[PDB]
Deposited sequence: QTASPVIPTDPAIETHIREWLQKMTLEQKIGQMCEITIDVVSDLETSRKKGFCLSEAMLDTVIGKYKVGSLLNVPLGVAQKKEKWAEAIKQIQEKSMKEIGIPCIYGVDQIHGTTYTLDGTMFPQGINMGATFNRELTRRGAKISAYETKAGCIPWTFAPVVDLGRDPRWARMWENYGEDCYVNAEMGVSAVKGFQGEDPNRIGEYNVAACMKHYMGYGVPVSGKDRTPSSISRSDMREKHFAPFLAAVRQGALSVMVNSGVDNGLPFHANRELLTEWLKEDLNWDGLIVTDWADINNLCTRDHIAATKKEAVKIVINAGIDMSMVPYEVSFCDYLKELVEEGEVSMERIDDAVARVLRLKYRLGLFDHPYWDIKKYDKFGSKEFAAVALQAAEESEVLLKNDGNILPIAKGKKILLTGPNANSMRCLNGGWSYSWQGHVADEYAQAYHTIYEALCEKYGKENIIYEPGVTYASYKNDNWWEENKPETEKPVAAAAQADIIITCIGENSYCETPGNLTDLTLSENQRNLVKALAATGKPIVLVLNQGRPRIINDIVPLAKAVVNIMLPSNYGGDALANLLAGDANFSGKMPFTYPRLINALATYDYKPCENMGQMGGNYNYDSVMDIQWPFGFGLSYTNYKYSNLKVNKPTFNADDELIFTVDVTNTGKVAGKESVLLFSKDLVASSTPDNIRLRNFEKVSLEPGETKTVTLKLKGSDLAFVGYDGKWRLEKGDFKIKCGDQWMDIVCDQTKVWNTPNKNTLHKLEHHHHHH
């Protein structure tokens, strides 16, 4: 049955577009071109962003191109500028084609490419909140502020499995667990789109699930190099968030640029047409990632010509090509259709999907609109939500002697290269693609230094970085200036405590590839030199990947992992360090300790017959929580039962906080060697000092199924254990079920 209901009025409109459209118009609707192609750059340098009328005439008038993407001039623009540009684009599209353009933008964590928007912590941070509602509210705000520039389509959310800490895109998704990505991805989709996928309202956008699928586990750790994914992992884990999002009505999917089992995913008919469109009966849009049809020819050599690559990818089930420079795509596809290599059935289906999306977004009736009414843009109300997200994502990993919180009045030596910059805090997909320009445009927001000054007074903060990042040149995200560790060491005698901010500078995608996961040698020497002053040290980790720090964690009294908390991350940190907020974040991935002992939390028991830095689900706070009375309604169950778990959680310390309650399962014996432990549900609860609450968490029996060797889901007769916080119970499945459908439920 269709995952998104059929709107007959939309289908009727589509049928009558398809009867009347020229082949050139149809092909144009399957083509997407990046904004640079239609930009007048010399006039833009002098007078601000300006489109080229002549190039619009070519792209839209002659070739009938149905979609544009990307940020004008490679840098975030004012919403007024966005709106003026999209207006001109739509006036042209309605005049020459009669079909409105769909403009896609990478608004990744709030409005990446719209100035003065509300910027949220990155995906990995949102995972660490274990707060679905907060993720939803973040996406709702991003949608609102995206539509404030007349943009209807966001290339988000990202639901790759961040299971490889070498990978430059580990931070874009919600971490290493497939359940966390599925649930948060669904929360983002609901926020972005609203509750009716057929009528995306004024303040909502179409979501795009990225990057279908298995993108996050390249064998070498290098971006867009081959993964080697097992049959069971592909169905059970990598597919899981896409399955969940599509069933909630996500309107579009972007395909994985990379390769597995010798096949680029853009050429994988089975995964695109069968697993996605046909098995789920899903009428949404599949779009390529950047240049990926041409990559079949030039990068991977599975096509002799670009034209042969078009044939392969379109026949594999792609609907729209992110070319993104060459209107010649249209010529090639037309030739293929005339030759009989690509059928009209396939062209008509692609165009149906493009038009359907456009109708769902109301673009025929409202191709652009007045933006005056979007008066909550950049508001205090929206910022308080981003601040909450940031507070809830920053993880307390170590606190010996309860050195935190730090009392107002103590003198703080602030050190390290991540201590005074918004570029660090944001990472990539922030004002520019690499994030390199963040400090030019993020002056209204607080760096770590600025926030600590507001909390403790400028007079109580001594800032001597010792090590700083070099100025931007050719994606030198790794490069630091010569260390001057001599300086903060000398200044230490005047401080009570040292906070050292370390990790990475901003990068995005392939330029962010690393050759050594170990934290920078200069950064490690800075921490060692400071340790030897005898003053206590608090490490602040600000990075897109968990850099190896096994030699410096023993020298630190406390450690806070902020990951990429973005524009309110400095404020959040200061609020947490002073106890005005209480820590609640938990690790959404496994932090490795040794460079050739990398592992995820759901390892097979042969892997621990297990030496890591901090595990998945770990996080401290300024209070403690007791779990008791773990019960279930049906201790003996089958696939079709609803299991209802309850547990009492009591705040036994002296201050209020939020506890993320995680529910894990363990299959003791199975026909495939079972994951040692698996997250199955979670729920976050607020508790005052001394307060108990009964937390309810529900599962279907079939949630304890796994994908067997033969590719089929099975729930087997036998024993399981359930772990919730500190507490364990026994349950029994009383009968085996094997599914003949590709998916459960």
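Novice: Counting from 1 along the deposited sequence, give me every gap where there's no C-alpha, start to finish.
Specialist: Since the structure holds only modelled residues, the stretches it omits are 1-3, 613-624, 761-772.
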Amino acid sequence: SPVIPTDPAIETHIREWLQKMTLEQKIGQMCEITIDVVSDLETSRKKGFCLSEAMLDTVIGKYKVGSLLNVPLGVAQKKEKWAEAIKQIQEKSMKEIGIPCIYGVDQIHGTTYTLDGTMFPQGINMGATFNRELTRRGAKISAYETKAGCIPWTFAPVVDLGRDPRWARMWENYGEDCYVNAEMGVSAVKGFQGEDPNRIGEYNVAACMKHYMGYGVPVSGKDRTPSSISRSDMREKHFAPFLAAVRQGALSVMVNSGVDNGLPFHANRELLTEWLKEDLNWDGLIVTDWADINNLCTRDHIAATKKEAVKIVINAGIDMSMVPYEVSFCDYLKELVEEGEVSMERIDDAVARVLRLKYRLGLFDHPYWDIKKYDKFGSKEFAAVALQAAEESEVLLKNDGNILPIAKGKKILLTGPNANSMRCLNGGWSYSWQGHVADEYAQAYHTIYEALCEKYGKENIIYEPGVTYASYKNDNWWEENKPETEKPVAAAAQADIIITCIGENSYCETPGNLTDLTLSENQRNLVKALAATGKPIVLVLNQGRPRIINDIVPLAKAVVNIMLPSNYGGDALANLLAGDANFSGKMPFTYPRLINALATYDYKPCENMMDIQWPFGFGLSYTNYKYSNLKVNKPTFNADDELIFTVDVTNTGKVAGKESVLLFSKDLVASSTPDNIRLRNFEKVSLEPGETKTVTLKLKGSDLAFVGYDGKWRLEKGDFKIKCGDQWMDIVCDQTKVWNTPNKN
From here on, numbers count along this sequence of modelled residues.
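Novice: Which has the higher mean CA temperature factor in the PDB entry, 673-681 or 688-696?
Specialist: Mean B over CA atoms: larger for 688-696.
Novice: Of the two stretches 270-278 and 460-468, which shows the higher Cα B-factor on average in the entry?
Specialist: Result: 460-468.
Novice: Looking at the C-alpha B-factor values in the deposited entry, which of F192, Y359, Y625, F329 comes out highest?
Specialist: The listed residue with the largest C-alpha B-factor is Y625.
Novice: In terms of recorded Cα temperature factor, pick the maximum from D516, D580, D602, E607.
Specialist: The C-alpha B-factor peaks, among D516, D580, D602, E607, at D580.
Novice: Considering only modelled residues of the same chain, in which third does the CA B-factor of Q25 rank: lowest, middle or highest?
Specialist: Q25: CA B-factor falls in the middle third of its chain.
Novice: Ranking the modelled residues of this chain by C-alpha B-factor as given in the entry, is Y113 in the lowest, middle or highest third?
Specialist: According to the entry, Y113 has a C-alpha B-factor in the chain's middle third.
Novice: Lowest, middle or highest third of the chain for the C-alpha temperature factor of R15?
Specialist: According to the entry, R15 has a C-alpha B-factor in the chain's highest third.
Novice: Sort the modelled residues of this chain by their C-alpha B factor and say whether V59 lands in the lowest, middle or highest third.
Specialist: For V59, the deposited C-alpha B-factor lands in the middle third.
Novice: Consider only the C-alpha atoms of the modelled residues in this chain, order them by B-factor as the entry records it, and name the third containing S702: lowest, middle or highest.
Specialist: Lowest third of the chain for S702's C-alpha B-factor.
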